[PDB]
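An overview of the molecular structure
In case you want the letters, here they are:
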Amino acid sequence: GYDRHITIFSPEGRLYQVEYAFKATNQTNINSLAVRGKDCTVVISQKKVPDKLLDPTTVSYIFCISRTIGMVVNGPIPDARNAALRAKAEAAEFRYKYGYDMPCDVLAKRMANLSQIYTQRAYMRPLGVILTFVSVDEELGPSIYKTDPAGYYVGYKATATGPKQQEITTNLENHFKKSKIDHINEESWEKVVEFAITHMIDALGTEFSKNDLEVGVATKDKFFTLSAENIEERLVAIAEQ
Amino acid sequence: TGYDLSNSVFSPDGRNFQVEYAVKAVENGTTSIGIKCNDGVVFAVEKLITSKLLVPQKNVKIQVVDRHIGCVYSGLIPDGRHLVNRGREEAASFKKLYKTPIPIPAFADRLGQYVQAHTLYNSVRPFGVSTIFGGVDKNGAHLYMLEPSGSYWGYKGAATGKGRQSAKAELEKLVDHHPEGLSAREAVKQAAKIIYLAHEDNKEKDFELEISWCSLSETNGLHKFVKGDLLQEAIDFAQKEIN
Amino acid sequence: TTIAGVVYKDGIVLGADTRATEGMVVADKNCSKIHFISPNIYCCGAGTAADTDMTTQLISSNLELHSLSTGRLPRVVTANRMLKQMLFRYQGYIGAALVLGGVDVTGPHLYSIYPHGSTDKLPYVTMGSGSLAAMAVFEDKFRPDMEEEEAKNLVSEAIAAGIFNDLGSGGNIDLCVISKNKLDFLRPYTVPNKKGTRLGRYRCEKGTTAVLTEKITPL
Amino acid sequence: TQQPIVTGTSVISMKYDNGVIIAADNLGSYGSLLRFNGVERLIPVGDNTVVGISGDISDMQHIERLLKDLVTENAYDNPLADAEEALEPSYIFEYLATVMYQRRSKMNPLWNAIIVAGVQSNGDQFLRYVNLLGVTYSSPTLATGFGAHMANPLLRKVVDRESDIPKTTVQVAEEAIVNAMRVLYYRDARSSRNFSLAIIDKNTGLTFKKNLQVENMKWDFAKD
Amino acid sequence: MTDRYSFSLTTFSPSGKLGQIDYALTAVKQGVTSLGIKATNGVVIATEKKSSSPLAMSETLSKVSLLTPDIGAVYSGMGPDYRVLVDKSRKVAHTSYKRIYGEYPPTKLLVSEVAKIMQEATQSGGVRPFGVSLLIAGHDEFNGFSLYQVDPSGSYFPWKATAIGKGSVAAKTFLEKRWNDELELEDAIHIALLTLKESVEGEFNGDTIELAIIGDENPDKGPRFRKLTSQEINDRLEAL
Amino acid sequence: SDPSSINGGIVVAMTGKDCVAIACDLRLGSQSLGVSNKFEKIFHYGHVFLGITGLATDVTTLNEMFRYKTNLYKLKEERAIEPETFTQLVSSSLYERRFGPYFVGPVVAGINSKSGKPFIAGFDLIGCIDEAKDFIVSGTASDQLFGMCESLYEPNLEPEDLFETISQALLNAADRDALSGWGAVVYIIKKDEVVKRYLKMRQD
Amino acid sequence: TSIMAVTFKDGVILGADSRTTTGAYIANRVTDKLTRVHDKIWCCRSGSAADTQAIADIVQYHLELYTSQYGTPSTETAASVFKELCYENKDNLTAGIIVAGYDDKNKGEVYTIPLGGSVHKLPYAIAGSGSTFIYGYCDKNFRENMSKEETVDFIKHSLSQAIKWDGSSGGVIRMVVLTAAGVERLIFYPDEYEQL
Amino acid sequence: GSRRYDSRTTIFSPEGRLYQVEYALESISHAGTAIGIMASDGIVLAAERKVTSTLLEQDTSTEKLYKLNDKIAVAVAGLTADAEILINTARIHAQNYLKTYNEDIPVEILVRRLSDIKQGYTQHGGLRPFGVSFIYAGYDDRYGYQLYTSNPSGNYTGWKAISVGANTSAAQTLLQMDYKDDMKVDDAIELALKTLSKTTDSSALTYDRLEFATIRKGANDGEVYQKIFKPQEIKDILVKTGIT
Ligand SMILES: *[C@@H](CS(C)(=O)=O)[C@H](Cc1ccc(CN)cc1)NC(=O)[C@H](C)NC(=O)[C@H](CC(C)C)NC(=O)[C@H](Cc1ccccc1)N=[N+]=[N-]
Ligand SMILES: [Cl-]
Ligand SMILES: [Mg+2]
Ligand SMILES: [Mg+2]
Ligand SMILES: [Mg+2]
Ligand SMILES: [Mg+2]
């Protein structure tokens, strides 16, 4: 049964190493969510600091890839950082060669094509991570694109990733079935973040403090992550209505 | 089964058993710790005196990287040395290009990516060391701890090796009882104590205490070894606390 | 060669003569010097002709593959970069002197690219042996935000200046008008010189040439 | 093969009874243009060595980094980095000498003349020269470029052979060096008034003197 | 890091089977149904857009890809493998052909180049075969309209009409009855939409179906490849 | 010293009405010394003809190289190469030696078998295409041929009118060049017959 | 070419002419020789246009990638990357680059990199063919901790003279102001500066 | 490391056979039968296509008979993709030889070259061999008409008549029974089709299940002509010989 140890076909036409890399994805036990506004793309993720000895400021699964592109990772941090460094490098090389900022989807496809190589070449293992890329693209507008260990990638209106992804997905599906639009019809990103947090609370059935969340926001010409106090202000507004 | 026979193979869990087996080598090693203080960091390590024939103060375990970073590790000592050699190459190339000495978070990822690379192929073995390291850069003090998987985080205090649970409990008390912070000279004393308390897990043989520190006020942000009177003052403080 | 370009209100007007020379001799009187890079970007070419042709073809090919992967129209800056970085790498040995003009998502852009890998971003440019003649016309009469038919005339007037005053330049005037709504490839835009009419027929009558042997093979 | 662009002129030096003195002006010439007036060309390595460098300033800055990097590297896994296993003048020199000759042998020289002045572990005076060709030599007085023609003659009147070194005090040697720097300022078209001087003594250690100036200048005979 | 896999991962078993090729074909079998039909004045290729989630924008995921202006491709099997074959096919159509001859390759030669790439994954060191079967439809001046199938082995066959993946056995029987040598392109599109409806479970409309044609030139030439819009498919579903 | 004028010789090609003509001299020399009067410079790959002037070792090499390439082309494509396609192949092949070129002056001539359109083309030594309808000239007496062709030529000539035009252009140009002549060949190419004629000319 | 960078109280200002010549022909009379390698790190370019453009693009790339990993680079770091390229490729380059940038910690900083590939940190720097004519003027008139208006006038007067005497220099005087407040672009036309 | 997963394609069994070559021959034994018959005035190549549907476009299809140059052709049995790799290599060797010597490559030289390539995959490199057996039909002015075969081992031999692929045992007996040295092309055409008609695993032999070719010097002015038969022509020759 060496067809389960390396990336070759089993008799069923399956790559077990790819499937087991998908299982490594949930090893962190963190749920992420991404939604789109009019002018923005918001990505929120659970933050869990179990050890009191940890510096909580260094515990992050959201990455600033370029100025326009942000990336949240569902999976172990070493593979997450492997993917982050490569994505940063690719985005910088792109801008040098082609003279304009790498689009979110072009990066997603590039990282996906790399992920595909590990599923075909035997010496390389897949990374045990799902990469959700976010930006406000200058051509396509608010963008969410996701990559996985299979080398699959696709654009999203909104998405969710993690152990309880199905609960979050159906919660989001139901809201967009009502509104009948591909986005959160809201001017300010502040309120799109408030939506994202609110719909995660409802879906997961857990309240959050400022230190239980981690928020990334893409606007035109910059992606940035929110501080604990910026999130606290967001949580106050949710509670007050 | 057979998923644990080769490095970089995912088990049906989603685990890399070879990395988890490297952790067993780390757990087998001597106790090492790190303490983040007000304007710097302190590193300390338990050195088991196997025999009377060992020359005191000569078999140094803590290693310096560049002039401002200290590294200490538990587990397979040669693997730790290999990782520091690489760290020195990384810190050197960084300074060569960018002029400034390598920042601690920047340096932490350099080691992190290299250790992670040794979990990507079956032709290499993972590192048999957890590495505690840090120093002072332009943004102040930073303490890190880096595992065989390539995982690392920032810490207030860190501990690894055979006496890690004992040490961790002691580090957690310091964090609770000093929210405003710990001074560099306090941290040297506390480091000594914690190694002495964590020695109950390696109590058969007697040991030798080794401490180092970077502090903005006490060492001008440079890594120095604690020697002579300051070392003896810390040993006396530790010996008093166990009794 | 006289090649030129201007930025006008709605977009870009490129211009070129049609004389290809070997030394002092004219090999082609109607040879095309305005090249296709992408559907929204064209390139006028001067200097060494082979280098001009192959450099544009390679960057056009690479931009086509880039544009298929990204699924969106290519930009002038990426055409500019790809030409620039290649020409620089070859340290002037690829003697391509280009006027690169096109219309992006970010609006109209015009560049001059030199053999050594320098580029200038400008509202008007001229290159080739007739650049000074053409540049005189632009310094005389250019203004920003021109209407289309005005810009067409100015470029045509600038290429003409080169045609008549520069010996390296001649033949017809080709234009290429690029805007968001259209691409007009005008070849020829003007025929400023009539072909010289011959007064005699000097063609020989059948059987005049002395043959030794003959062979016929069918296909 | 290159050509030197921004350049430093004479580095001068001599041995005396307890140590060595080295000096060099603070100018970075750009051909005839006296471009940079704040260039330090004496670069200390630890507390027992000063490397004085003339010639191409970019190549000097490269060598400056190699020495800075050498100190870092010697400290690695070396508990006696500030004691018995500290860098010696002879180690620092031999390294540079190896580098200089290796580079000339690849036809890509570091376009400099270097004098390594210092004091060894056992109190011995170290003073040795190396240049872009890898040519090395030692003498009681050493000087590079222009100073070889004007400073050496004056300094050799103080220490003419080995046996004069124990007879020469630090005051006599420093006066001689400062005197020689004045003579060079009158006569070297690519020198400057402002200079740095460094004494490495086996008792008093490294004394580094910045912002010195040539003074007592005889111009009064010009008016006639 | 040494890529130590310098030896074949596809080898002959005692029975004469190449296991990994057969297993790749099993992966293709599990994939969603796609088909191709050749008319007299065109070719049509079609597949189901099996959306992994309703939140996912299935417009971004193109199963039908343009290779050259006159050649199109569709697949059944592993999507990521298809994507990198399309990348290489597009590139080889420029490097080994267009930059040499100043024109795009004919359908059969581009097919042959893709087949070569897939064969090499079947014999080279340290790789598994591609887990896709391709259906390549195209036109060129001297061969006219053509439709090819390309399997994980690297083997390729020209077809009048065929189907691959999930319901290919049933779909091929359906096509055998309906196909003749006097079909117009519109007749072939009609048959494609009928044949594809059998293998589709859920929603059957322009948003869940991807369908392209190689036909007349759309205004040096115009491109013969054209991907049908979501509206254009729905119009033909009313006359179904 | 100048590689393009050691061995000498010329090629000219013309278009006519439903026909093309290509012609060349027969000389090969070492500068002043005449060596061969049987060195033909026109070759064919199917129905596409290729004249090549310049350094004779490169003439021979390129002939062998284009035979090689067009043979493989035919095996793969299952059809003979066309003039338009071959022209692009020549250009590519020449430019891939951009910084160490073949010292040659090639001339393509032929009729597109499908469209029936007469086609000619020329190239510099690094593959820039002269794409002229009227005529293409090459070799040591190119200037002489340009003059002859510009005054003698007119469009849409019948095959045997065109023969007299191209032949007189070649012969009279060659007689004003020291390094050309020693015989000549003229191909008259039609959609499905080719007439090859050797010309009588002065042998000095 | 006449270019200069001058530190002042609130930060630093870069200044440049706009003339690019091919021999005696002015190829571009509206050249932008002040190029941005980071938000508040810019450079003045002199020498081969192909070389200085190629370098500046590589630097921009390195500092973009530095920022992705380690946050905003110091002006010193930018100068070091410029130096590394210029020094290691000295045999194949003709580039004289002034690097200028604003940190909040360090405030305004100016580094000059002449032909050799050496680095020199200075209060102000002048460079290009036209600089020779204003060494005297600039030395006599420069003061430290000037106001923004004084530094704009110092650069304007200086480059005015550089332009007047150097044929290789001319056109408009462009400037780029780097302070805590942000990045301000200034332009000054012949009719303004010639009458000074 | 990687050693764990290595099949070791280039080793001897205890009996002194090459495992992978033997297994590749087993693969080839299931491929559609190909027959070569050499007459005094030409060579015949006949081959049976496999699986075939009514929807397979036959006139633009080539799985069995390929052209190497104007004098030499091959019939394939095994993996078609593997064959095409080797065929394009062979096509180049012929043109390299033509370029070097200005003469067409002799048939045996081309055959040896390909066979030497196949051999290399059995002795080094650690890769699987090519699962292909060729019948080479060719002419040159030294030996005249020649038939050869090669197989995955890299061994090649010359023949008067030969089969590869499926039912070669049965096919070779039927050929050995009816072949004679004075035979002519038209008779060999008939023998080839009769042999396939008896050895086929199909119910009947039809035009759509065949590829067919002849190498005749039988041309005007004694020059060699390769004829790859079109679908309609194979149908005519099937009626002529009396099989359909
Ligand atoms: C005008 C350029 S100029 C006089 O320098 O301003 C013109 C532009 C042009 C012509 C043709 C095309 C075709 N697509 C595109 C752009 N260029 C020339 O006239 C140019 C100088 N001529 C050629 O390059 C010429 C073309 C032949 C087909 C006649 N080839 C040559 O002159 C070669 C050049 C060469 C030889 C060796 C090494 C490098 C370059 N002549 N020769 N021999
Ligand atoms: Cl890619
Ligand atoms: Mg793998
Ligand atoms: Mg003559
Ligand atoms: Mg003669
Ligand atoms: Mg001026």
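Residues numbered from 1 in each chain as written, not as in the entry; some residues may be left out. Chains lettered and ligands numbered in written order. Part of a larger assembly, values for the part shown. Heavy atoms only, no water.

X-ray crystallography is the method the PDB entry lists for this structure, together with a resolution of 3.00 Å.

As recorded in the PDB entry, chain F goes by Proteasome subunit beta type-3 and comes from Saccharomyces cerevisiae.

Labelled according to the PDB entry, chain A appears under the name Proteasome subunit alpha type-1, originating from Saccharomyces cerevisiae.

Let's shift gears to the overall build of chain F. Looking only at helices and strands, one finds 4 helices and 12 strands in chain F. In summary, chain F has a C-alpha radius of gyration of 16 Å against a globular reference of 17 Å for 204 residues, a match within 12%. Dimensions of chain F, computed from C-alpha atoms along their principal axes, come out at roughly 45 × 40 × 25 Å. Counting the 204 residues in chain F, one finds 65% classified as buried. Here the analysis covers contacts within chain F between residues at least 6 apart in sequence; of these, 61% occur between residues at least 24 apart. For chain F, the exposed area adds up to about 7,500 Å²; of that, 48% sits on carbon and sulfur atoms. Across chain F, the centroid of the 21 positively charged side chains sits 5 Å from that of the 27 negatively charged ones. (Helix = DSSP H or I, 4+ residues; strand = E, 2+ residues; numbered from the N terminus. Rg over C-alpha atoms; globule rule 2.2 N^0.38 Å. Buried < 20%, exposed > 50% of the residue type's maximum accessible area, 1.4 Å probe, protein only. Contact = heavy atoms within 4.5 Å. Areas by Shrake-Rupley, 256 points an atom, 1.4 Å probe, with all protein chains shown as cover. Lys, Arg positive; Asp, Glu negative; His and termini not counted. Charge placed at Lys NZ, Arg CZ, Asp CG, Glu CD.)

Listed per partner, the contact involves 33 residues of chain A and 32 residues of chain E. Considering only the side of chain A, the residues that lose the most area to chain E are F9, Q120 and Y123 of chain A, jointly responsible for 27% of the buried surface there. Taken together, the links from chain A to chain E amount to 1 salt bridge. The residue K109 of chain A makes a salt bridge to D87 of chain E at a minimum N-O spacing of 3.3 Å. (Buried area = accessible area lost by both parts, 1.4 Å probe. Salt bridge = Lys/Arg side-chain N within 4 Å of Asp/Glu carboxyl O.)

Chain D makes no contact with chain A, the minimum C-alpha separation between the two being 28 Å. The two units chain E and chain G are non-contacting; their minimal C-alpha-C-alpha distance is 25 Å.

Looking at the largest cavity, its volume works out to about 80 Å³. Contributing to the lining of the largest cavity are 14 residues, with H5, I6, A122 and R125 of chain A together with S8 of chain B lying nearest its centre. Here the lining of the largest cavity is built from residues that sort into 6 nonpolar, 7 polar and 1 charged. When its volume is computed, the second largest cavity comes out at roughly 50 Å³. If you go around the second largest cavity, the residues you meet are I43, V44, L45, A73, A137, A213, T214, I215, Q226 and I228 of chain H. Contributing elements (two or more residues each) for the lining of the second largest cavity: β2 (42-48), β9 (210-216) and β10 (225-228) of chain H. Here the lining of the second largest cavity is composed, by residue class, of 8 nonpolar, 2 polar and no charged. (1 Å grid on protein atoms, 1.4 Å probe; cavity = no way out; pocket = protein on both sides within 12 Å on 5 of 7 lines; lining within 4 Å. Points joined across faces, edges and corners; volume = space filled by probe spheres on them. Nonpolar A, V, L, I, M, F, W, Y, C, P; charged D, E, K, R; others polar.)

Right, let's talk about the side chain of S167 of chain F for a bit. In this fold, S167 of chain F is placed in helix α4 (residues 159-174). The class of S167 of chain F is buried, set by a relative accessible area of 0%. Among the polar contacts made by the side chain of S167 of chain F, one reaches the main-chain carbonyl oxygen of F163 of chain F at a distance of 2.8 Å. In this structure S167 of chain F touches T209 of chain C together with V186 and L199 of chain F, once residues within four positions along its chain are discounted. (Polar contact = N/O pair within 3.5 Å; in protein donor to acceptor, adjacent residues only side chain to side chain.)

Let's shift gears to the sheet that holds strand β5 (residues 129-137) of chain B. All names here are of chain B. With antiparallel pairing, the 5 strands of this open sheet are ordered in space as β3-β4-β5-β6-β7. Each of the sheet's edge strands pairs with one partner strand only, and the pair in question is β3 (63-65) and β7 (152-154). Pairwise comparison of adjacent strand axes, ignoring direction, gives a mean angle of 25° for this sheet. Strands β3, β4 (69-75), β5 and β6 (140-146) of the sheet are contacted by helix α2 (residues 77-98), whose axis makes an angle of about 20° with β3. (Pairing = 2+ DSSP bridges. Axes fitted to C-alpha atoms, helices over the stretch in contact; angles between N-to-C directions.)

Think of two packed helices as two axes; the pair is described by the angle between the axes and how far apart they sit. For the pair helix α1 (residues 57-75) of chain D and helix α2 (residues 75-88) of chain G, the least separation of the axes is 11 Å and the interaxial angle reads 115°. When the axes of α1 of chain D and α2 of chain G are compared, the crossing they make is left-handed. The segment α1 of chain D lies against α2 of chain G, with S58, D59, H62 and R65 of chain D engaging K83, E84 and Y87 of chain G. For the contact of α1 of chain D with α2 of chain G, the class distribution of residues is 1 nonpolar, 2 polar and 4 charged. (Left-handed = near helix turned anticlockwise from the far one by under 90°.)

On to the nonpolar core. Counting 93 residues, the largest nonpolar core has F133 of chain A together with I33, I35, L171 and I211 of chain B as its most contacted members. With 9 residues, helix α5 (residues 184-198) of chain B is the single largest residue contributor to this core. In contact with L171 of chain B, other than residues within four places in its own chain, are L53 of chain A together with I33, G34, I35, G157, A158, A159 and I194 of chain B. Grouped together as the second largest cluster of nonpolar side chains are 44 residues, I104 of chain B together with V37, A56 and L85 of chain G included. (Core = buried A, V, L, I, M, F, W, Y, C linked by side-chain atoms within 4.5 Å.)

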